[PDB]
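The structure file model26.pdb is reproduced below (PDB, C-alpha atoms and all ligand atoms).
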ATOM      1  CA  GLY A 247     111.872 120.272  95.950  1.00  0.00           C
ATOM      2  CA  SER A 248     109.467 120.448  98.877  1.00  0.00           C
ATOM      3  CA  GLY A 249     111.429 118.133 101.214  1.00  0.00           C
ATOM      4  CA  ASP A 250     108.881 115.334 101.793  1.00  0.00           C
ATOM      5  CA  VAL A 251     110.022 111.700 102.090  1.00  0.00           C
ATOM      6  CA  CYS A 252     109.092 109.817  98.895  1.00  0.00           C
ATOM      7  CA  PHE A 253     106.953 107.052 100.456  1.00  0.00           C
ATOM      8  CA  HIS A 254     108.024 105.005  97.400  1.00  0.00           C
ATOM      9  CA  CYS A 255     111.573 104.770  98.827  1.00  0.00           C
ATOM     10  CA  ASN A 256     110.984 106.429 102.235  1.00  0.00           C
ATOM     11  CA  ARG A 257     113.816 108.869 101.409  1.00  0.00           C
ATOM     12  CA  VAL A 258     113.808 112.687 101.204  1.00  0.00           C
ATOM     13  CA  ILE A 259     112.474 113.820  97.802  1.00  0.00           C
ATOM     14  CA  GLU A 260     115.523 114.267  95.530  1.00  0.00           C
ATOM     15  CA  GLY A 261     113.418 116.114  92.923  1.00  0.00           C
ATOM     16  CA  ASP A 262     109.712 117.067  92.822  1.00  0.00           C
ATOM     17  CA  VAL A 263     107.244 115.549  95.306  1.00  0.00           C
ATOM     18  CA  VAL A 264     104.768 113.564  93.173  1.00  0.00           C
ATOM     19  CA  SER A 265     101.774 113.603  95.549  1.00  0.00           C
ATOM     20  CA  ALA A 266     100.328 110.107  94.994  1.00  0.00           C
ATOM     21  CA  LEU A 267      97.924 108.190  97.280  1.00  0.00           C
ATOM     22  CA  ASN A 268      98.016 111.359  99.441  1.00  0.00           C
ATOM     23  CA  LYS A 269     101.691 110.478 100.088  1.00  0.00           C
ATOM     24  CA  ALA A 270     104.911 111.983  98.690  1.00  0.00           C
ATOM     25  CA  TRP A 271     106.563 110.076  95.811  1.00  0.00           C
ATOM     26  CA  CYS A 272     109.948 110.567  94.092  1.00  0.00           C
ATOM     27  CA  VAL A 273     109.909 111.378  90.363  1.00  0.00           C
ATOM     28  CA  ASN A 274     112.708 108.790  90.173  1.00  0.00           C
ATOM     29  CA  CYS A 275     110.814 106.087  92.105  1.00  0.00           C
ATOM     30  CA  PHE A 276     107.283 106.869  90.880  1.00  0.00           C
ATOM     31  CA  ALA A 277     107.084 105.099  87.485  1.00  0.00           C
ATOM     32  CA  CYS A 278     104.138 103.586  85.519  1.00  0.00           C
ATOM     33  CA  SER A 279     103.950 100.228  87.341  1.00  0.00           C
ATOM     34  CA  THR A 280     102.313  99.011  84.106  1.00  0.00           C
ATOM     35  CA  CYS A 281     105.093 100.263  81.761  1.00  0.00           C
ATOM     36  CA  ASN A 282     108.076 100.912  84.080  1.00  0.00           C
ATOM     37  CA  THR A 283     107.940 104.367  82.445  1.00  0.00           C
ATOM     38  CA  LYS A 284     109.455 106.912  84.854  1.00  0.00           C
ATOM     39  CA  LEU A 285     106.579 109.074  86.133  1.00  0.00           C
ATOM     40  CA  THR A 286     106.965 112.876  86.010  1.00  0.00           C
ATOM     41  CA  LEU A 287     104.576 115.725  86.920  1.00  0.00           C
ATOM     42  CA  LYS A 288     104.973 116.701  83.241  1.00  0.00           C
ATOM     43  CA  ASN A 289     104.105 113.219  81.909  1.00  0.00           C
ATOM     44  CA  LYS A 290     100.466 112.019  81.835  1.00  0.00           C
ATOM     45  CA  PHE A 291      99.632 109.290  84.386  1.00  0.00           C
ATOM     46  CA  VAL A 292      96.988 108.108  86.891  1.00  0.00           C
ATOM     47  CA  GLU A 293      96.823 106.066  90.134  1.00  0.00           C
ATOM     48  CA  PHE A 294      95.535 102.476  89.886  1.00  0.00           C
ATOM     49  CA  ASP A 295      95.593  99.732  92.550  1.00  0.00           C
ATOM     50  CA  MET A 296      97.707 102.195  94.561  1.00  0.00           C
ATOM     51  CA  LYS A 297     100.204 102.081  91.669  1.00  0.00           C
ATOM     52  CA  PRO A 298     100.992 104.642  88.962  1.00  0.00           C
ATOM     53  CA  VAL A 299      99.629 103.964  85.474  1.00  0.00           C
ATOM     54  CA  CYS A 300     100.672 105.943  82.374  1.00  0.00           C
ATOM     55  CA  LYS A 301      97.741 107.538  80.506  1.00  0.00           C
ATOM     56  CA  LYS A 302      98.472 104.926  77.804  1.00  0.00           C
ATOM     57  CA  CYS A 303      97.888 102.099  80.311  1.00  0.00           C
ATOM     58  CA  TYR A 304      94.903 103.916  81.834  1.00  0.00           C
ATOM     59  CA  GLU A 305      93.624 103.729  78.253  1.00  0.00           C
ATOM     60  CA  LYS A 306      94.396  99.997  77.914  1.00  0.00           C
ATOM     61  CA  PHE A 307      91.461  99.463  80.313  1.00  0.00           C
ATOM     62  CA  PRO A 308      87.899  99.261  78.976  1.00  0.00           C
ATOM     63  CA  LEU A 309      86.241 102.697  78.701  1.00  0.00           C
ATOM     64  CA  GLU A 310      83.893 101.600  81.530  1.00  0.00           C
ATOM     65  CA  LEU A 311      86.831 100.335  83.639  1.00  0.00           C
ATOM     66  CA  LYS A 312      89.161 103.358  83.317  1.00  0.00           C
ATOM     67  CA  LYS A 313      86.413 105.630  84.700  1.00  0.00           C
ATOM     68  CA  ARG A 314      86.358 103.188  87.654  1.00  0.00           C
ATOM     69  CA  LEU A 315      90.161 103.080  88.051  1.00  0.00           C
ATOM     70  CA  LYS A 316      90.392 106.881  87.780  1.00  0.00           C
ATOM     71  CA  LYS A 317      87.931 106.880  90.706  1.00  0.00           C
ATOM     72  CA  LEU A 318      90.907 105.644  92.749  1.00  0.00           C
ATOM     73  CA  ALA A 319      93.440 108.393  91.908  1.00  0.00           C
ATOM     74  CA  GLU A 320      90.593 110.879  92.563  1.00  0.00           C
ATOM     75  CA  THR A 321      90.843 110.033  96.289  1.00  0.00           C
ATOM     76  CA  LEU A 322      93.891 107.723  96.346  1.00  0.00           C
ATOM     77  CA  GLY A 323      96.072 109.939  94.111  1.00  0.00           C
ATOM     78  CA  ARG A 324      96.959 113.637  94.515  1.00  0.00           C
ATOM     79  CA  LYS A 325      95.711 114.101  98.110  1.00  0.00           C
TER      80      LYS A 325
HETATM   81 ZN    ZN A 401     111.700 108.117  96.225  1.00  0.00          ZN
HETATM   82 ZN    ZN A 402     101.868 102.128  81.296  1.00  0.00          ZN
END

Spell out the structure here as structure tokens.
Ligand SMILES: [Zn+2]
Ligand SMILES: [Zn+2]
Amino acid sequence: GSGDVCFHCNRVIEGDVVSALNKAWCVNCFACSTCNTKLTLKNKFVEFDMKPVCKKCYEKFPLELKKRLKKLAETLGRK
């Protein structure tokens, strides 16, 4: 309930602002782009290719690749 505009839909956050890619994302719009699983600050997820990825998908990548994809969310994720 901060009041940011979920860059995912460009509309005022209707729930919690999921800071992704340093932008504000709706918990309703932000969803594992690899599973369509609704993303929530309580659920486990990561940023990949500028898209959300559930921890299960982040695990579907080779151990040496996930550490590289996680490198994205580290700077292109929560701020
Ligand atoms: Zn939204
Ligand atoms: Zn997934």

| For ligand ZN 402 (chain A), the nearest of the candidates A:258, A:315, A:251, A:281, counting only C-alpha atoms and all ligand atoms | A:281

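Rounded to one decimal, CA of residue 262 in chain A and CA of residue 289 in chain A lie 12.9 Å from each other.
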
| request: For CA of residue 255 in chain A and CA of residue 274 in chain A, quote the distance in Å rounded to one decimal. | output: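 So the answer is 9.6 Å.
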
Tell me, counting all atoms listed in the file, for each residue of chain A within 8 Å of ligand ZN 402 (chain A), which pair of atoms is nearest and how far apart they are in Å to one decimal, in rows ordered by chain and increasing number, as a Markdown table.
| residue | atom | partner | partner_atom | distance |
| --- | --- | --- | --- | --- |
| A:278 | CA | A:ZN402 | ZN | 5.0 |
| A:279 | CA | A:ZN402 | ZN | 6.7 |
| A:280 | CA | A:ZN402 | ZN | 4.2 |
| A:281 | CA | A:ZN402 | ZN | 3.8 |
| A:282 | CA | A:ZN402 | ZN | 6.9 |
| A:283 | CA | A:ZN402 | ZN | 6.6 |
| A:299 | CA | A:ZN402 | ZN | 5.1 |
| A:300 | CA | A:ZN402 | ZN | 4.1 |
| A:301 | CA | A:ZN402 | ZN | 6.9 |
| A:302 | CA | A:ZN402 | ZN | 5.6 |
| A:303 | CA | A:ZN402 | ZN | 4.1 |
| A:304 | CA | A:ZN402 | ZN | 7.2 |

| query | ligand ZN 401 (chain A): which residues are within 10 Å, counting all atoms listed in the file, as a ChimeraX atom specification? | reply | /A:250-264,270-276

Could you save the residues just selected, with C-alpha atoms, as an mmCIF file, in the frame of the given file?
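Contents of out-v4.cif, as written:
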data_model
loop_
_atom_site.group_PDB
_atom_site.id
_atom_site.type_symbol
_atom_site.label_atom_id
_atom_site.label_comp_id
_atom_site.auth_asym_id
_atom_site.auth_seq_id
_atom_site.Cartn_x
_atom_site.Cartn_y
_atom_site.Cartn_z
ATOM 1 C CA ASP A 250 108.881 115.334 101.793
ATOM 2 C CA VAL A 251 110.022 111.700 102.090
ATOM 3 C CA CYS A 252 109.092 109.817 98.895
ATOM 4 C CA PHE A 253 106.953 107.052 100.456
ATOM 5 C CA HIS A 254 108.024 105.005 97.400
ATOM 6 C CA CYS A 255 111.573 104.770 98.827
ATOM 7 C CA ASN A 256 110.984 106.429 102.235
ATOM 8 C CA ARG A 257 113.816 108.869 101.409
ATOM 9 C CA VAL A 258 113.808 112.687 101.204
ATOM 10 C CA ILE A 259 112.474 113.820 97.802
ATOM 11 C CA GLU A 260 115.523 114.267 95.530
ATOM 12 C CA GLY A 261 113.418 116.114 92.923
ATOM 13 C CA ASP A 262 109.712 117.067 92.822
ATOM 14 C CA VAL A 263 107.244 115.549 95.306
ATOM 15 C CA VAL A 264 104.768 113.564 93.173
ATOM 16 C CA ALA A 270 104.911 111.983 98.690
ATOM 17 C CA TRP A 271 106.563 110.076 95.811
ATOM 18 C CA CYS A 272 109.948 110.567 94.092
ATOM 19 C CA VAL A 273 109.909 111.378 90.363
ATOM 20 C CA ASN A 274 112.708 108.790 90.173
ATOM 21 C CA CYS A 275 110.814 106.087 92.105
ATOM 22 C CA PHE A 276 107.283 106.869 90.880
#

| request: Taking the file as shown, find all residues satisfying the PyMOL selection byres (((chain A and resi 325) around 8) and not hetatm) and write them as number ranges by chain. | output: A: 265-269, 321-324

| message | Just the number, please: distance in Å from CA of residue 307 in chain A to CA of residue 319 in chain A, one decimal. | response | 14.8 Å

Centre and edges of the range 265-281 of chain A box, axis-aligned, 6 Å extra per side, as JSON:
{"center_x": 105.3, "center_y": 106.3, "center_z": 90.9, "size_x": 26.8, "size_y": 26.6, "size_z": 30.3}

| said: Taking all atoms listed in the file into account, name the residue in A:249, A:317, A:277, A:309 that is nearest to residue 295 in chain A. | reply: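 Residue with the minimum atom-to-atom distance to residue 295 in chain A: A:317.
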
Rebuild N, CA and C atoms on range 284-301 of chain A, as an mmCIF file, in the coordinates of the input?
data_model
loop_
_atom_site.group_PDB
_atom_site.id
_atom_site.type_symbol
_atom_site.label_atom_id
_atom_site.label_comp_id
_atom_site.auth_asym_id
_atom_site.auth_seq_id
_atom_site.Cartn_x
_atom_site.Cartn_y
_atom_site.Cartn_z
ATOM 1 N N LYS A 284 109.236 105.953 83.736
ATOM 2 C CA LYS A 284 109.455 106.912 84.854
ATOM 3 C C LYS A 284 108.308 107.923 84.885
ATOM 4 N N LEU A 285 107.716 108.120 86.031
ATOM 5 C CA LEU A 285 106.579 109.074 86.133
ATOM 6 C C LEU A 285 107.100 110.482 86.427
ATOM 7 N N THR A 286 106.534 111.467 85.781
ATOM 8 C CA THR A 286 106.965 112.876 86.010
ATOM 9 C C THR A 286 105.725 113.768 86.051
ATOM 10 N N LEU A 287 105.757 114.813 86.836
ATOM 11 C CA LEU A 287 104.576 115.725 86.920
ATOM 12 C C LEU A 287 104.258 116.276 85.527
ATOM 13 N N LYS A 288 105.201 116.196 84.624
ATOM 14 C CA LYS A 288 104.973 116.701 83.241
ATOM 15 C C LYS A 288 104.339 115.589 82.399
ATOM 16 N N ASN A 289 104.676 114.359 82.684
ATOM 17 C CA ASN A 289 104.105 113.219 81.909
ATOM 18 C C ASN A 289 102.647 112.986 82.322
ATOM 19 N N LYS A 290 101.893 112.300 81.500
ATOM 20 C CA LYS A 290 100.466 112.019 81.835
ATOM 21 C C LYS A 290 100.380 110.656 82.524
ATOM 22 N N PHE A 291 99.734 110.590 83.658
ATOM 23 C CA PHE A 291 99.632 109.290 84.386
ATOM 24 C C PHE A 291 98.415 109.304 85.315
ATOM 25 N N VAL A 292 98.147 108.194 85.951
ATOM 26 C CA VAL A 292 96.988 108.108 86.891
ATOM 27 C C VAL A 292 97.319 107.087 87.987
ATOM 28 N N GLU A 293 96.552 107.052 89.045
ATOM 29 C CA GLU A 293 96.823 106.066 90.134
ATOM 30 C C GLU A 293 95.874 104.878 89.977
ATOM 31 N N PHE A 294 96.396 103.684 90.036
ATOM 32 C CA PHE A 294 95.535 102.476 89.886
ATOM 33 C C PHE A 294 96.040 101.378 90.821
ATOM 34 N N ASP A 295 95.164 100.804 91.606
ATOM 35 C CA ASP A 295 95.593 99.732 92.550
ATOM 36 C C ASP A 295 96.711 100.280 93.432
ATOM 37 N N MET A 296 96.660 101.557 93.712
ATOM 38 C CA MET A 296 97.707 102.195 94.561
ATOM 39 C C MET A 296 99.032 102.209 93.797
ATOM 40 N N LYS A 297 98.966 102.070 92.498
ATOM 41 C CA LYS A 297 100.204 102.081 91.669
ATOM 42 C C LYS A 297 99.996 103.049 90.501
ATOM 43 N N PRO A 298 101.060 103.676 90.069
ATOM 44 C CA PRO A 298 100.992 104.642 88.962
ATOM 45 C C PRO A 298 100.690 103.927 87.648
ATOM 46 N N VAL A 299 99.960 104.570 86.789
ATOM 47 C CA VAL A 299 99.629 103.964 85.474
ATOM 48 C C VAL A 299 99.699 105.064 84.412
ATOM 49 N N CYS A 300 100.542 104.896 83.425
ATOM 50 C CA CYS A 300 100.672 105.943 82.374
ATOM 51 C C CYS A 300 99.329 106.109 81.663
ATOM 52 N N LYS A 301 99.040 107.296 81.200
ATOM 53 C CA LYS A 301 97.741 107.538 80.506
ATOM 54 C C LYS A 301 97.536 106.484 79.414
#
